[PDB]
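Chemist: My structure is below; once you've seen it, I'll send some questions.
Using ideal geometry, Cβ is built from the backbone for each residue, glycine included, and neighbour counts are taken over all protein chains shown. Only the coordinates and a few stated rules stand behind these numbers; no lab work does.
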């Protein structure tokens, strides 16, 4: 019994981590 | 004989783009 | 007969969801 | 039945829509041709080539769009992950001022086995004209995802949509039983003969074909895979005594019943607890897979 | 080796009473009279980092240089200031130096009306008082206003915000704004981001941020000229109504010695019910940060 051939290519990976919180907001209106 | 299993899941995606700059501050007095 | 080797690792995942908004800004000019 | 490679004499323009794509990204390739430099005959072939091996691989999605004018098939666009070839029939040897195109989607792949953010170029060729395409491979993220769902479409099979139920990817100790319900949406049909389980870790084994379900249920005492054929529902429950230190990859292909449908959806729910991390109770993990766009128009004047 | 307690002569704060968001110059002075300063010696200036009063140190690195020899280094961090001395200082006998830098005074008191809370800055064994003032929110319903700032963590770029239709009301005319960035600074296109809130909720940032905003909002156009430093934003009245557009970008400083940074704008809007505005000047100014450090020694 001759050895078998390589399998099919894998699936796309998981979604990345949620991004870091944004920079502090702008100073308000006059 | 039988072919191999499908490939291992790819490396997880990058990292979320940094959050939006925060809400604007309270308005000023006299 | 014998089992075949597994397939190649697939493409990478998508980029993470955009980060949360930051802290509010300072009060406006007097 | 003799043939000619007339790509070097008849190709007008070679357009690639997104010149910069990510790794595994899709790319719209457009090839335009005219007989302003040589009459198109029976046997004539336009050949579109691209890098097929090495660090940059270009894989065109297998589709067949026939070049038709007034109900007459004058040509046919044949797309293969290793190259595109356009063959014209004898039904074109009665048309003059012939000008047409072959538009198709192609997957771009980055295979640079090196660390850090990487950019690598791929040059698609068709006759005299050649175009450069950039494929980006972003830096690998930190491996810390327990359960997620992923759908794939192979350039060697555009009739089926691959679906993956990746369970416990980081070989972590699972504190609770892993229950996942799956509802496959319309436009596609579940194929049981394709269902395969790829366990990796302490209890690693590949289960596929006919006995695929029963081989997994027997080898893992307590595990259960439940399939509804008409409703397209797959409910899988894996005990925690076997879920720990093992990565369960459930893969099945769904036969496309509507090529005109632009995208395919599959909804899934999850019930698990990774020891140390917080438990998950019925969180929705839904994934969408895009179909392939391909066209081949042709203009000609008779008599 | 921490020598803050046995070397600091005097700790000084410039403006004693400030507003919530104001700047304050803090001077520290040290001597060699109470012991020799060696390699690995550290001078620390600490301030309240969390609570009702937060002090944010503007990030700067000023070297202690004496006659072509850098004997020390002063680093300012939004959490504290550390002054480290090199092995080159072990040649001088009589040493007397200073390090004055600007910090941000913040009043994070979330209570009703006017609030004054004191922030005590410490250095070795010396203490000082800083009063920060919160001034109560108003009823100022400004349609379009322009305001920029400089972060205590990033003192190399200047933030500028283009806040359009802040109260998300009905608009009768296509909103058009012109932006003229002045000298001493250069536009960074990467930091240019758009934030839409109201009926439409979106945030476009980095690279294709301009293209993604123009694609998702048909009619809207942002004209950016990099070399001339001019931004022109035009939004149709159909999309401009009930939506607050926040356009923020950082401007890279090409003049650290400049006193202040200016930025001008001209608005074109008709808020339904109220008066029509045509090319009114909406200008804003951002103050720069001055940080100094000097050491005095003798062979």
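Chemist: Compute the semi-axes of the equivalent ellipsoid of the stretch E:48-103, taking the square root of 5 times each eigenvalue of the Cα gyration tensor, and list them largest first in whole Å. The partial results should precede the final answer.
Modeler: Numbers: eigenvalues 157, 20, 16 Å².
With the √(5λ) rule applied to the stretch E:48-103, the semi-axes are 28, 10, 9 Å.
Chemist: Also, quick follow-up: Give me Rg/Rg_expected for the protein assembly as shown, where Rg uses Cα atoms only and Rg_expected = 2.2 N^0.38 Å with N residues. Spell out each step's value before the answer.
Modeler: Numbers: Rg = 33.1 Å, N = 692, 2.2 N^0.38 = 26.4 Å.
So the Cα radius of gyration is 1.25 times the expected 2.2 N^0.38 Å.
Chemist: Related question: Below 8 Å between Cα atoms, with a sequence gap of 6+, how large is the relative contact order for the stretch D:29-142 in percent?
Modeler: Details: 237 pairs, mean separation 36.2, N = 114.
Reported as a whole number, the value is 32 percent.
Chemist: Continuing with this model, one more query. Could you give the length gained on full extension between residue E:207 and residue E:137, defined as 0.36 nm per residue of separation minus the Cα-Cα distance, in nm?
Modeler: Working: separation 70, 0.36 × 70 = 25.20 nm, distance 3.60 nm.
Additional length available on full extension: 21.6 nm.
Chemist: Quote the Stokes-Einstein diffusion coefficient, in whole µm² s⁻¹, for chain D, based on the Kirkwood radius over alpha carbon pairs, a temperature of 10 °C and a viscosity of 1.306 mPa s. If you can, show how the numbers build up before the last one.
Modeler: Working: Rh = 22.0 Å.
So the translational diffusion coefficient is about 72 µm²/s.
Chemist: Note down the nm distance, to one decimal, between modelled labels 7 Å out along Cα→Cβ at residue D:113 and at residue D:217.
Modeler: 4.2
Chemist: Return a whole-number percent for the relative contact order of chain D, with Cα pairs under 8 Å and 6 or more residues apart as the contact set.
Modeler: Details: 800 pairs, mean separation 61.4, N = 303.
That works out to 20 percent.
Chemist: What FRET efficiency do you get for residue E:199 and residue E:296 if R0 is 45 Å and r is their Cβ-Cβ distance, rounded to the nearest 0.05?
Modeler: 0.10
Chemist: Let me ask another. Would you calculate the separation in nanometres between label points at residue E:82 and residue E:255, each defined as 7 Å from the Cα along the Cα-to-beta-carbon direction?
Modeler: 3.5
Chemist: Would you give the gap between the C-alpha center of the stretch E:78-127 and the C-alpha center of the stretch D:96-161, rounded to a whole Å?
Modeler: Cα centroid to Cα centroid, the span is 55 Å.
Chemist: Next question. So how far apart, in nm, are the two label points at residue E:65 and residue E:25 if each is 7 Å from Cα heading toward Cβ?
Modeler: 2.0
Chemist: So what is the 222 nm mean residue ellipticity for the protein assembly as shown from helices alone, if each DSSP H run of at least 4 adds -39500 (n - 2.57) and you divide by all residues, rounding to the nearest 500 deg cm²/dmol? Mind showing how you got there, number by number?
Modeler: Numbers: 5 runs with 28 residues, N = 692.
Roughly -1000 deg cm²/dmol at 222 nm, from the helical runs in the protein assembly as shown.
Chemist: Based on alpha-carbon centroids, what's the gap between the stretch D:249-303 and the stretch D:15-65 in Å, whole number please?
Modeler: 25
Chemist: Using a cut-off of under 11 Å, list every residue of the stretch D:143-175 whose amide N is near the label point 7 Å from the Cα of residue D:275 along the Cα-to-beta-carbon line.
Modeler: D:172-175
Chemist: How big is Rg to Rh over the stretch D:71-214, alpha-carbon atoms, Rh as the Kirkwood inverse-mean-distance radius?
Modeler: Numbers: Rg = 22.6 Å, Rh = 20.7 Å.
Across the stretch D:71-214, the Cα-based Rg/Rh ratio is 1.09.
Chemist: How large is the Kirkwood hydrodynamic radius of the stretch D:1-148, counting all unique pairs of alpha carbons, in Å? All intermediate terms of the calculation are to be shown ahead of the outcome.
Modeler: Working: mean 1/r = 0.0600 Å⁻¹.
The answer is 16.7 Å.
Chemist: Additional query: Could you pull out which residues in the stretch E:68-83 have an amide N less than 20 Å from a spot 7 Å beyond the Cα of residue E:2, following the Cα-Cβ vector?
Modeler: E:73-83
Chemist: Follow-up. Determine Rg/Rh for the stretch E:135-299; Rg is computed over alpha-carbon atoms and Rh is the Kirkwood hydrodynamic estimate from the same atoms.
Modeler: Rg/Rh for the stretch E:135-299 comes to 1.06.
Chemist: Continuing with this model, one more query. How much of the pair distance distribution for the stretch E:1-47 lies past 15 Å, counting alpha-carbon pairs only, in percent?
Modeler: Working: 569 of 1081 pairs.
I get 53 percent for the Cα pairs in the stretch E:1-47 exceeding 15 Å.
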